[PDB]
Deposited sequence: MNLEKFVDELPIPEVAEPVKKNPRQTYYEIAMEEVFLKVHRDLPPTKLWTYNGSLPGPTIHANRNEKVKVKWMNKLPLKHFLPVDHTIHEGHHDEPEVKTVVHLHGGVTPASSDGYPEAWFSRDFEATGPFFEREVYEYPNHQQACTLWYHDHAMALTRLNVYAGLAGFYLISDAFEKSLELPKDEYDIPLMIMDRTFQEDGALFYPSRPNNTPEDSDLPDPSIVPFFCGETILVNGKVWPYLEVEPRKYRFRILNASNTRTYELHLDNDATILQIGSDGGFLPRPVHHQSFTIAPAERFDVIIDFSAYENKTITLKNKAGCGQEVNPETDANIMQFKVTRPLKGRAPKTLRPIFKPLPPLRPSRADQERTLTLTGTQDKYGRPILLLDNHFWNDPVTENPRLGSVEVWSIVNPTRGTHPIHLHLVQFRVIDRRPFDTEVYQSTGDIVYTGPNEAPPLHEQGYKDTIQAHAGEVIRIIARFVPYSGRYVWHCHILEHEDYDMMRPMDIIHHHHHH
């Protein structure tokens, strides 16, 4: 297989505004097919990317900066990965649909990137909910690390896997006061799992693993999950970073299709997390190890002072449908403390005052259940409340209303669930029978309410719902009314069809 820690970790370029003034900042980002070096031991890797880079241009925004972005489609008409077509109306309809969603963004539905607000090359053909070309981002939210990715109806797994993903960092006058590592020591890390062929081209399954004969199934077929052979950080496969012996701020973002990591430093140094999806934690938390699921973001600090002239590997203890291989997916990247101290370097902590969030005075309680469904061909259809995306809206919160959502997971798998617009807070988890639900259907709890860990007590937009467990989440639906979405961020699950509309007002 490919030799590890040979390619230098690329810092994704900051996006340059086409035009900028006090009133607003305008960007023009085009989606293109390009051929990029993933590893120096393979050939060119055809990828679909934002402005010719994987990850896409990192967009730097400030609280209440009117960031306008024209997301353009300059892709081939046909797709280079397997497109099943037995997922979604056979009145085809352009094959290559694209729409950009800013994950964790406080935006109006108009510029949120609705799955059915898609567009083909130069907007030649659009989706039913298409409205405008130039998306507006007012950024009325806390300092945090947001990421933009394709959300095209039933193509999200493929378009994201193809490389359509990038960083969107929001800075805040509060943030500047925290005396953290900045500039050269403030590095975004987009972790993705992938598989490549000998010819250096991408590989994405045409059928599920078992797949008896050609009996019943379509070709190509959607897979219930996808676990990659190799691990890429930002651009490159198992890369390295030359660091100074000092404190670094890494913005860790799991952008993988299904894979969930359990990251830890090879030296068992403490990984100090200062922030989650929504922004800074109530307090920084000493991790040692920690789990990171699709679309979760961990704003972290690691101190290399005292490991001067030493090699420290970023390791994973989380398998993917199989035991973690030490030679491959047990590794993420490698820090080498070789670069010298540019200047005198000491850096050292009170944090964000954590709002009271009283759930007793809520406006409504919802009980949402995760369930699996079968199809004609006899393969899993992952569903929310046993409801297909295309069915009538059930989740209809009022503009201003505060709701408590009880996510029940009877399934054997863990599911990271994500909600557009809002940043919710986790109340608690509670384990239930997972066996009488086989006979009856009524929930009964094995144990008492377990409050979330300190890193989950902050603002989250994507949360792990564990198996045989009910997790309660409170959210204040403010602001911007209109139609949004909530879904599971496992791409394979999201498409076909663990995704439902969410109507504010």
| property | result |
| --- | --- |
| Where the deposited sequence has no C-alpha coordinates (positions from 1, in order) | 1, 90, 351 to 352, 510 to 515 |
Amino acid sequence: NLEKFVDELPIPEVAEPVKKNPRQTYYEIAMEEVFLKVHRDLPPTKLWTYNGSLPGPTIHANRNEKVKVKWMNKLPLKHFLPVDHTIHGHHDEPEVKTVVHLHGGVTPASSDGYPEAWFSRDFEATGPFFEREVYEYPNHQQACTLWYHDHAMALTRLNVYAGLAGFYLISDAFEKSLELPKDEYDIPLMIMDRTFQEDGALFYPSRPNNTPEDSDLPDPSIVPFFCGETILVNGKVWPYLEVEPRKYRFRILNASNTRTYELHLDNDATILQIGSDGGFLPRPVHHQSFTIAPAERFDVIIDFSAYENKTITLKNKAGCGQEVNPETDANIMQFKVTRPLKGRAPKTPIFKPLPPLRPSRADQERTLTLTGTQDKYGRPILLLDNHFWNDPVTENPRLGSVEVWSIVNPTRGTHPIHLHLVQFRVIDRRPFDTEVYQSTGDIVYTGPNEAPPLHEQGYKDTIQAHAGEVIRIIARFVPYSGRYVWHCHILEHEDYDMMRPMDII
From here on, numbers count along this sequence of modelled residues.
| property | result |
| --- | --- |
| 223 to 231 versus 250 to 258 - which carries the larger mean C-alpha B factor in the record | 223 to 231 |
| Greater mean Cα temperature factor according to the PDB record, 124 to 132 or 209 to 217 | 209 to 217 |
| Criterion, highest CA B-factor; candidates, 462, 51, 58, 440 | 440 |
| Per the PDB entry, maximal CA B factor within 392, 76, 104, 416 | 392 |
| Assigned third (lowest, middle, highest) for the C-alpha B factor of residue 315 | middle |
| Entry-reported Cα temperature factor of residue 410, expressed as the chain third it lands in | middle |
| Residue 294, C-alpha B-factor rank within chain (lowest, middle or highest third) | lowest |
| Cα B factor band for residue 137 (lowest, middle or highest third within the chain) | lowest |
| Relative C-alpha B-factor of residue 454, binned into the chain's lowest, middle or highest third | middle |
